[PDB]
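Report on the following structure.
Residue numbers (the deposited numbering): 126 to 170.
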């Protein structure tokens, strides 16, 4: 029913910047994490 909030690309990206999706908010289909949320989280970090 509810797909995984973490995506393959987002995971690699997150691990790259030592970030965690937990700190990032997902605005995808159902509230999942998106490249926009990851890149945005770093823009302020």
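No residue lacks a Cβ here, since even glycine has one placed at the ideal position from N, Cα and C.
Asked: Are the CB atoms of residue 167 and residue 144 within a distance shorter than 8 Å?; Found: yes
Asked: With DSSP collapsed to three states, give me the class of residue 137.; Found: helix
Asked: Drop a sphere of 10 angstroms on the beta-carbon of residue 147, count the other beta-carbons inside from all chains shown, and report buried for 16 or more, exposed for fewer.; Found: exposed
Asked: Tell me the residue span of the alpha helix (DSSP H) that contains residue 168.; Found: 160 to 169
Asked: Rounded to a whole number of angstroms, what is the C-alpha to C-alpha distance between residue 127 and residue 138?; Found: 22 Å
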